[PDB]
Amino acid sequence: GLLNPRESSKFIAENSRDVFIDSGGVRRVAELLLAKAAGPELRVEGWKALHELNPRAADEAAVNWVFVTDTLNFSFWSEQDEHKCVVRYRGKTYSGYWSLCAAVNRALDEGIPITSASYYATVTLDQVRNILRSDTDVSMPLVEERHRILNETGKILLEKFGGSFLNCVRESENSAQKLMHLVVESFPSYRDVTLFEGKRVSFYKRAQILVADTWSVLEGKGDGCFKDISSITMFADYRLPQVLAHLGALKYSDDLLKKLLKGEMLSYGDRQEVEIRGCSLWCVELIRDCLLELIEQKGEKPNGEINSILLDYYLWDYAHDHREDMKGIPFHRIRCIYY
């Protein structure tokens, strides 16, 4: 049945009708990343050093914070930029994914144990609305799905994993692939799989970002030392394709650009949606290959291994920091629990 995310993406990219990978753009992005390759933006330390809302500690508490944020890491876009969820934390203002992290830190600082499965297994919809409350008139999208997924995930964590995601990490035996599979097999909300040309393809956006963020919060050490961390792909969402299209690595058909410019909502597993996701994922694989070849050619000996995770982290931050520049090619619009 099931191709892994890397194999899925190659198959999708090779059979794509409406999304194209531009070799010139792949080269362009690789040359941009090469100039930043010595910076904190392309090292595991950047996950903490560049994002104040991320846990400082490499402890069980921090591992469970990553579990809860990645369990809810989906669908933060609003229809207009003037009209969106904002969460204030320690006198700073956050939107999109960061508004979720702000809301989690706000709850923990209030003494609400929102990162404990003993709490979120049975948290009510009322409680979740309060915890995720916006400081604007506009709510976070899909709060009912976030409530249901917290209950589902906390029940499984208590029953199968002693109420801590650190038990799942330890059972993975320093394998990123084993941790990815344990998560997808154990937690239904992580089953990010669909059809393409009658084959079962996988993306595992939330399961792979959970492994990457586990690696990051544990600083690639101890329980978070993953011998096969380079095997994790980019996290196929709506912001990464938008920044690859902006930088010229992805090209869209007229039918697809038409939908994007009008804000026509795509559905999970639509051919065009699967082509955007598969082409983005394969596109980062090619950028990473090109970057490593550029680094080999300059006779460089990087002080750390560059991988698809670190390219994703960089490009997602780039999307966040250059949102104004990217108006002309919108992100694709979808409401689903997978991303």
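The numbering used is simple: start at 1 and walk along the sequence shown.
- Here 77-85 and 241-249 are compared by their mean Cα B-factor, and 77-85 comes out higher.
- Across the two stretches, 189-197 and 208-216, the PDB entry reports the greater mean Cα temperature factor for 189-197.
- Ranking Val274, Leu311, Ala38, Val68 by Cα temperature factor from the entry places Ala38 first.
- When the C-alpha B factors of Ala62, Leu33, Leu53, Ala49 are read from the deposited coordinates, the top value falls at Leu33.
- Compared with the other modelled residues of the chain, the Cα B-factor recorded for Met180 ranks in the middle third.
- Annotation for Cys336: CA B-factor lies in the middle third of the chain's modelled residues.
- Among the modelled residues of its chain, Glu305 has a C-alpha B-factor that falls in the highest third according to the deposited record.
- Among the modelled residues of its chain, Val169 has a C-alpha B-factor that falls in the lowest third according to the deposited record.
- In the PDB entry, a CA B factor belonging to the middle third of its chain's modelled residues is recorded for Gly269.
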